[PDB]
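Report on the structure given below.
No Cβ is skipped: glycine too gets one built from the backbone with ideal geometry, and neighbour counts run over all protein chains shown. Nothing in this text is a laboratory measurement; each read-out follows from the coordinates by a stated rule.
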Amino acid sequence: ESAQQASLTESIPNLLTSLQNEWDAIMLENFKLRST
Amino acid sequence: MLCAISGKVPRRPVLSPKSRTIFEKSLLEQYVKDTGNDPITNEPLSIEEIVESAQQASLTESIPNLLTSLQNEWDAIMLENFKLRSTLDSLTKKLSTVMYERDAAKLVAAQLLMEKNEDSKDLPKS
Amino acid sequence: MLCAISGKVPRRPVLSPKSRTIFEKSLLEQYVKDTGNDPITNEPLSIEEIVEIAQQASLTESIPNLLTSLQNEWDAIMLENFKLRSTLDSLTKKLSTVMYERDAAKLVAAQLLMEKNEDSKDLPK
Amino acid sequence: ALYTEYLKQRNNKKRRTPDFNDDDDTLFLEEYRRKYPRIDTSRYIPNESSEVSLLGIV
Amino acid sequence: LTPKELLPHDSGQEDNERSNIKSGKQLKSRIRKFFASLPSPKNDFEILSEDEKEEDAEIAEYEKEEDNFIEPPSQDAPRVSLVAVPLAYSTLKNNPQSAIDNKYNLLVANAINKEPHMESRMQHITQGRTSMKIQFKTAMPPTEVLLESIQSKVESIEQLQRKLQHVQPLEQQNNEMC
């Protein structure tokens, strides 16, 4: 055997808008990678 | 970002495989040529042991950091419930003693309104 | 089986030595970094005092439904937290109304005993 | 299947939709809005205390 | 007999003793820890204890000062209240269990009335409309004070993130050509 990520000022979106975009970008990329 | 030996910004970082710590190459090489050791834990370390693929990465921003974010949301909300549960066992314990001393005193108030009216009933008839 | 801070089934439990209570490592550390005390007994305890002390995996059902399941559980937990707070402020409020009538009744007892003392003087004459 | 169809699973936007003088399930909805605003003000209060400094170091 | 700065210290100690008797004997609940004035609710609750409820309602309106204040000739109490507290304590394992059982019945009654609710619905959305007024204006102030500072350094962040996606794309074609 520190990293800092500044959370956005408009942080509801972590449940709705951020979480859908993470599982969209996971889904579309790997399928495009199988196409690759 | 820093070198643990000097404190400067290392321009050639190498990480040791005995105590994980980012050392500058020209500094740690002189430490190894002095004695064959790692400066933090004083374990044995050689020059070939110190080391400076295909999956592309992106910067750590607000999936994994989003899952660790919702841990912080809920572990803080769990402490918020304890501020409530510990305050509830103080107000209800005080309510049990207040309602008991109210139930024990109202029997005395019911007897004093009897006795002060009975003494007024006794004295005026005489 | 239950951490006595959040009530979760602890995945890295730690026990306090000043009071017999198995806590979770993450939740007890946040309390000690706030104030150097034990949440149950309010005794002076530190992070080095903790001694780091059944795992059964959930297998929900036979993925888009699991998104709306998580949405419902955070929706319910936010309401199961809110309802337990307004209950606390109203039981403290209704305790306050008992404290005024407790102190007001023991002042009414002062004039009632005076009427009994005035009557005992008149009965003797 | 979601990538082949190109369709995304819908999230719940009901908390934006809530309206006054509605039934008991929507009374749960408006109290949900109160808990979200108290959490949002608490989250905004941490960012203000941190300052840009936290955006600067990253 | 020659006093110097002693009668001033004695007058200060006598004034400190008189303030300690007035602060303690003012009210038991008001001095310890934590209401709107309503003479209509005292008139409506007359039909209860039906004598002591009106004694406690007039005591609550007097200590708080559509509100008229009348009698602060109630609370010289400090010796009569001490005899009244000691006489009531004498009239008051078995008593500890009867208080814990009644506290569990009141806790079950508090959990049942809350469960039935989740008139009253119009007040909660108006408290939320007060919150949505207060918190979101505080949010829009904290966002725009942040966005004047963060969106400048977001562009410092995001355009340097875009340098990584070109440094990675130049790295792969060079490693392929190597």
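Scanning the range E:60-104 for residues that are of a type in the set (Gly, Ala, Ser) and within 14 Å of chain B (Cβ to nearest Cβ) gives E:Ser81, E:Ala84, E:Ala88, E:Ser90, E:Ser98, E:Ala99. Among the residues of the range E:31-46 satisfying the criterion of being in a loop (DSSP other than H, G, I, E, B) and over 20 Å from C:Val108 (Cβ atoms), which is farthest from the chain's Cα centre (by Cα)? Here the residue is E:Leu38.
Scanning the range E:112-129 for residues that are small (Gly, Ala, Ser) and exposed (fewer than 13 other Cβ atoms within 10 Å of the Cβ) gives a single hit, E:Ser120.
The listed residues are C:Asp75, C:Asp103, and the only one of them that is facing another protein chain (nearest Cβ under 7 Å) and under 30 Å from B:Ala109 (Cα atoms) turns out to be C:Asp103. Per the listing E:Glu71, E:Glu61, E:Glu50, E:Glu66, the residue uniquely of a type in the set (D, E, K, R) and either in contact with a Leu (Cβ under 7 Å, 6 or more places away or on another chain) or in a helix (DSSP H, G or I) (or both) is E:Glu61. Determine whether C:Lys8 is within 9 Å of chain B (Cβ to nearest Cβ), of a type in the set (D, E, K, R) and under 26 Å from B:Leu67 (Cβ atoms). Yes: the conditions hold for C:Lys8. The sole residue among B:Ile40, B:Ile47, B:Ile22 that is among the β-branched types (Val, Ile, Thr) and closer than 30 Å to E:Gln173 by Cα is B:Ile22. Of the residues examined, E:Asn113 is not one that is assigned to a helix (DSSP H, G or I) and either among the hydroxyl-bearing types (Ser, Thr, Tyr) or at the interface with another protein chain (Cβ under 8 Å from one of its Cβ atoms) (or both).
Looking across B:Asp119, B:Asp38, B:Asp75, one residue alone is crowded, with 16+ Cβ neighbours inside 10 Å and within 30 Å of B:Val9 (Cβ to Cβ). It is B:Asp38.
For the range C:47-66, filtering for residues that are assigned to a loop (DSSP other than H, G, I, E, B) and surrounded by 11 or more Cβ atoms within 10 Å (Cβ to Cβ) leaves 4.
Here's a check for you: in the range C:11-45, which residue that is in contact with a helix residue (DSSP H, G or I) (Cβ under 8 Å, 6 or more places away or on another chain) and either among the aromatic types (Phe, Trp, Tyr) or within 9 Å of chain B (Cβ to nearest Cβ) (or both) is nearest to B:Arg85 (Cα to Cα)? The qualifying residue nearest to B:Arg85 (Cα to Cα) is C:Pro39.
Contact annotation: residue pairs with Cβ atoms under 8 Å, 6 or more positions apart or on different chains, pairing a residue in the range B:107-126 that is under 19 Å from E:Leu92 (Cα atoms) and more than 8 Å from chain C (Cβ to nearest Cβ) with a partner that is of a type in the set (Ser, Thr, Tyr) and part of a helix (DSSP H, G or I), are B:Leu107/E:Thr91. For B:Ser69, state whether it is of a type in the set (S, T, N, Q) and within 30 Å of C:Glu73 (Cβ to Cβ). So B:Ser69 fits the description; yes. Criterion applied to C:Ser69, C:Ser90 was being within 12 Å of chain D (Cβ to nearest Cβ), out of contact with any helix residue (DSSP H, G or I) (no Cβ under 6 Å at 6 or more places or on another chain) and assigned to a helix (DSSP H, G or I), and the one residue passing it is C:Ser69.
For the range D:2-16, indicate whether the set of residues that are in a loop (DSSP other than H, G, I, E, B), more than 9 Å from chain A (Cβ to nearest Cβ) and closer than 26 Å to C:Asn65 by Cα is non-empty. Checked the range D:2-16: at least one residue is in a loop (DSSP other than H, G, I, E, B), more than 9 Å from chain A (Cβ to nearest Cβ) and closer than 26 Å to C:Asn65 by Cα.
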